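Spelled out, the chains give:
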Amino acid sequence: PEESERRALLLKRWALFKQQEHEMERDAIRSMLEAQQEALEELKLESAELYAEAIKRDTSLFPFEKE
Amino acid sequence: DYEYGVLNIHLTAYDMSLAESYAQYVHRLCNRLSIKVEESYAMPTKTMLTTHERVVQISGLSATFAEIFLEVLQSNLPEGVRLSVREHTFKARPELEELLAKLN
Amino acid sequence: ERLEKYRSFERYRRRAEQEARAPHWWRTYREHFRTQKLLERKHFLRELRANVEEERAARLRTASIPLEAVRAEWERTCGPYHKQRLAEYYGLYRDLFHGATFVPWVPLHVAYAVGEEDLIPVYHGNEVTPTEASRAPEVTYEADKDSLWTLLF
Amino acid sequence: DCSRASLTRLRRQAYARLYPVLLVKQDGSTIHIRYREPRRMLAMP
Amino acid sequence: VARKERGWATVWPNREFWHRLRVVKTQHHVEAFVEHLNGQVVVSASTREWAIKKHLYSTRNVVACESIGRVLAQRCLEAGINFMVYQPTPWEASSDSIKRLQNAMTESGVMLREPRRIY
Amino acid sequence: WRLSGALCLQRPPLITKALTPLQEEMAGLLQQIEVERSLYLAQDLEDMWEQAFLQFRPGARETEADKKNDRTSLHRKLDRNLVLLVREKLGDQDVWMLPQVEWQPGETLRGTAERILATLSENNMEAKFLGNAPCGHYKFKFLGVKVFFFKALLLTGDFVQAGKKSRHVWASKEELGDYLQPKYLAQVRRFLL
RNA sequence: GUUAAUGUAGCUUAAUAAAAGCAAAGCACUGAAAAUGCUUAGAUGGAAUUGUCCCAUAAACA
């Protein structure tokens with residue numbers, strides 16, 4: 001009824017808020033990815049040869065658990 | 001240069017509801033990040049009261065991608081959820097029919 | 001595998017329809033067979049958006065639109081372009097002027113009087129019986145003064 | 001932030017009524033949980 | 001008495017129509033067209049049009065679908081197009097908005113089903 | 001050329017921030033539907049227990065409200081991540097710097113990175129390295145110099161010698177710009193969360 | 001100031017005859033996902049003409 005209408009109104013605030021959060025988080029990942037890619041580029045200018053070993057994955061890194 | 005193995009996650013939490021959401025939630029991140037999730041199996045109840053745990057089969061990963069993703073999981077981790085990351089351990093008619101030709 | 005998958009019939013359907021229209025090497029079925037105005041418009045949109053009652057009606061799926069006002073607006077703004085098509089569709093241009101096309105501009109109005117104040121509007125493609133059109137209709141097109149014109153049926 | 005997935009509605013098709021309670025941990029942290037009985041707080045031993 | 005294409009048995013939808021109604025829901029807009037077999041659109045009603053927008057709260061809405069149908073009907077009535085063919089998909093047909101749109105067309109008197117040809 | 005390595009340590013936030021008021025109202029709504037879909041004096045005893053919870057002090061969500069100035073302490077913040085940040089004095093510079101140590105080409109980035117963890121903190125801290133790929137490289141000249149910025153996560157930390165004579169500061173983002181003005185040191189935020 | 005960037009909304013060499021399409025969000029739905037239904041958000045900070053100036057901004061030189 002009218003109470004449901006009010007519940008719908010707060011959903012509009014909440015749904016819009018979540019969408020804003022999603023966009024904010026997506027941009028945060030993009031900056032993080034750009035920085036990580038930018039971090040890759042920076043030492044490549046200094047020495048690309050070093051990366052050839054560095055870019056190789058660490059097999060022993062995992063398992064890694066953190067709460 | 002090597003490709004990461006498939007590492008499963010056991011989302012152990014007091015309430016399955018919250019555990020499922022985080023599982024579903026992280027899966028959405030996985031799909032966005034282009035991470036394939038083969039299965040969403042879950043463990044039984046931890047009878048002694050009980051708890052709840054949700055398996056999350058994460059497949060495919062890279063060294064640079066690994067560092068960012070796992071750290072993101074820490075932030076995403078909702079209230080009182082215990083994370084875990086571990087390396088992983090009936091064919092239908094079209095699949096069998098294709099298989100016959102390959103070895104025939 | 002690199003490319004994603006449609007995962008939806010509609011997305012595939014729309015993509016397929018566009019491709020058919022595009023020309024192809026192989027035979028196909030088709031072969032054989034100003035700024036101030038924009039700012040003003042945005043301001044009105046914000047005012048409409050601000051109105052809570054408009055939102056209330058929309059969320060209650062009770063709102064409606066006045067056809068009368070839209071019809072007048074349609075004639076003034078973009079109606080002639082549609083009017084050109086319905087002339088092209090019926091072949092008016094290809095018949096009267098051997099394929100020459102003239103865009104109509106004046107929103108001309110015609111109606112046949114039937115006994116009393118019951119006017120039959122003569123729009124584009126309308127159906128009017130010969131009985132009703134026994135007598136000449138009323139023509140109004142707001143020529144404005146000092147505006148010479150000529151009319152033809 | 002943990003708040004991203006902290007608030008989630010129950011999706012179980014059928015369940016009994018659950019009230020919120022805090023499970024106080026031995027390190028001082030607290031977590032909101034849903035319990036059938038109208039308890040108020042839980043303590044980790 | 002004119003011919004209608006009767007083939008395309010293995011393809012969807014059938015093309016045995018003198019006119020067709022295509023309703024496309026874009027991300028923010030809903031459009032309606034009436035097109036002949038030869039591919040020339042006759043009557044077009046779109047929410048992008050200025051006149052509809054000023055009186056229309058949100059381009060993509062159930063009311064917008066219902067309202068655009070009413071506008072399309074009057075234009076179709078204007079052109080003398082009384083009989084038309086609509087070919088919805090199962091989910092599209094079940095959609096409440098499309099059902100509401102067809103309700104408006106039925107009220108206006110536009111027939112969503114054409115009569116069979118005369119041989 | 002001056003070879004210098006450095007490490008951008010990360011400390012996870014233990015306890016999350018409080019939920020926003022709009023989050024609260026949504027929390028109420030999900031409970032309301034829960035009641036709808038629900039099926040079917042101990043209260044006094046539970047009330048006696050809840051006040052026992054209130055009287056008994058629980059671990060604060062942020063352990064900086066009591067401290068308010070313990071930048072040196074490992075538990076400077078709980079709501080957000082922390083970064084080790086130690087004042088350093090160079091031959092031609094005296095600047096607030098990320099932890100630095102001397103690296104050699106023979107030693108891999110992780111090997112120097114491991115040494116950075118305990119060399120400047122001299123504690124039983126637990127931290128983990130994920131990828132050999134570094135996260136930042138910045139060159140400042142007066143003589144050419146370059147500093148390599150790595151990234152690490154603190155599994156756990158038993159920070160002995162809390163009151164060091166050094167100015168080690170655990171900062172999330174507020175003290176990054178405040179203490180590190182130049183882009184070569186103020187751009188650490190790019191690869192920081 | 002020299003080099004260099006960056007300037008319709010995540011993307012588009014959509015658009016100057018009418019600021020578009022796609023991506024994206026939430027809700028309903030329960031294996032998960034996807035789909036489907038109901039819904040949500042946004043821009044030309046800017047001029048050229050095809051199918052460079054321009055100021056602003058922000059960098060190495062400075």
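Residues numbered from 1 in each chain as written, not as in the entry; some residues may be left out. Chains lettered and ligands numbered in written order. Part of a larger assembly, values for the part shown. Heavy atoms only, no water.

In terms of determination method and resolution, the entry is listed under cryo-EM at 2.85 Å.

This part covers the overall build of chain C. Scanning chain C from terminus to terminus reveals seven helices and three strands. Its helices and strands in sequence order give chain C the pattern α-α-α-α-α-α-α-β-β-β, from N to C terminus. Taking 15 Å as the expected radius of gyration for a compact globule of 153 residues, we find that chain C reaches 24 Å, considerably beyond that expectation. By its C-alpha atoms, chain C is 70 × 55 × 35 Å across when sized along the principal axes. (Helix = DSSP H or I, 4+ residues; strand = E, 2+ residues; numbered from the N terminus. Rg over C-alpha atoms; globule rule 2.2 N^0.38 Å.)

Neighbouring RNA strand G are 45 residues, the closest being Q19 of chain A, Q24 and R32 of chain B, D96 of chain E together with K183 of chain F. Taking the atoms of RNA strand G that fall within 4 Å of the protein, sugar and phosphate contribute 68% of them. A distance of 3.3 Å separates a phosphate oxygen of RNA strand G from a polar atom in the side chain of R61 of chain C. Breaking the surface near RNA strand G down by element, the ones donating at least two residues are helix 1 (2-46) of chain A, helix 1 (16-32) of chain B, helix 1 (9-21) and helix 3 (35-50) of chain C together with helix 4 (96-108) of chain E. The greatest single-element share of the surface near RNA strand G, amounting to eight residues, is contributed by helix 1 of chain A. Broken down by class, the residue content of the surface near RNA strand G amounts to seven nonpolar, 15 polar and 23 charged. (Near = heavy atom within 4 Å. Polar contact = N/O pair within 3.5 Å; in protein donor to acceptor, adjacent residues only side chain to side chain. Nonpolar A, V, L, I, M, F, W, Y, C, P; charged D, E, K, R; others polar.)

Our next topic: a positive patch on the surface. Taken together, the side chains of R26 of chain A, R28 and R32 of chain B, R9 and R11 of chain D together with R37 of chain F make up a positively charged region of the molecular surface. Secondary-structure assignment places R28 of chain B in helix 1. (Patch = residues over 30% accessible without salt bridge, like charges linked within 9 Å, V, L, I, M, F, W, Y side chains within 5 Å. Areas by Shrake-Rupley, 256 points an atom, 1.4 Å probe, with all protein chains shown as cover. Salt bridge = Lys/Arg side-chain N within 4 Å of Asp/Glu carboxyl O. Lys, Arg positive; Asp, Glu negative; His and termini not counted. Charge placed at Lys NZ, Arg CZ, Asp CG, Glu CD.)

Residues and elements named next belong to chain F. Taken together, the three strands give an open sheet; going across it, the order is 3-2-8, and neighbouring strands pair in antiparallel fashion. With partners counted over all chains shown, the strands left at the sheet margins are strand 3 (94-97) and strand 8 (169-171), one partner each. When strand polarity is set aside, the average angle formed by the axes of neighbouring strands in this sheet is 25°. The pairing of strand 2 (residues 83-89) with strand 3 spans four bridges and is antiparallel. Note that in strand 3 the partner of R87 across the bridge is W96. (Pairing = 2+ DSSP bridges. Axes fitted to C-alpha atoms, helices over the stretch in contact; angles between N-to-C directions.)

Another point: the pattern of salt bridges. Evaluation of the coordinates by the stated rule reveals 40 salt bridges over all chains. We note a salt bridge from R21 of chain C to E17 of chain C, for which the minimum N-O separation is 3.4 Å. Placement of both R21 of chain C and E17 of chain C in helix 1 is noted, with a separation of four residues, approximately one turn of the helix. On the accessibility criterion, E17 of chain C (25% relative accessible area) is partly exposed. With its nearest N and O atoms 3.7 Å apart, the salt bridge here joins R20 of chain E to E35 of chain E. On the criterion of sequence distance, the pair formed by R20 of chain E in strand 1 (residues 19-25) and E35 of chain E in strand 2 (residues 30-36) is long-range, its members being 15 residues apart. Comparing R20 of chain E with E35 of chain E, the two get one shared label, buried. (Buried < 20%, exposed > 50% of the residue type's maximum accessible area, 1.4 Å probe, protein only.)

One finds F62 of chain A together with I9 and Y22 of chain B to be the most contacted residues of the largest nonpolar core, which totals 39 residues. Only strand 1 (7-13), helix 1, strand 3 (52-59) and helix 2 (63-76) of chain B together with strand 1 (19-24) and strand 2 (32-35) of chain D provide two or more residues apiece to this core. At eight residues, the largest contribution of residues to this core is made by helix 1 of chain B. In this structure, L84, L109, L120 and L154 of chain F belong to the second largest nonpolar core, which totals 27 residues. (Core = buried A, V, L, I, M, F, W, Y, C linked by side-chain atoms within 4.5 Å.)

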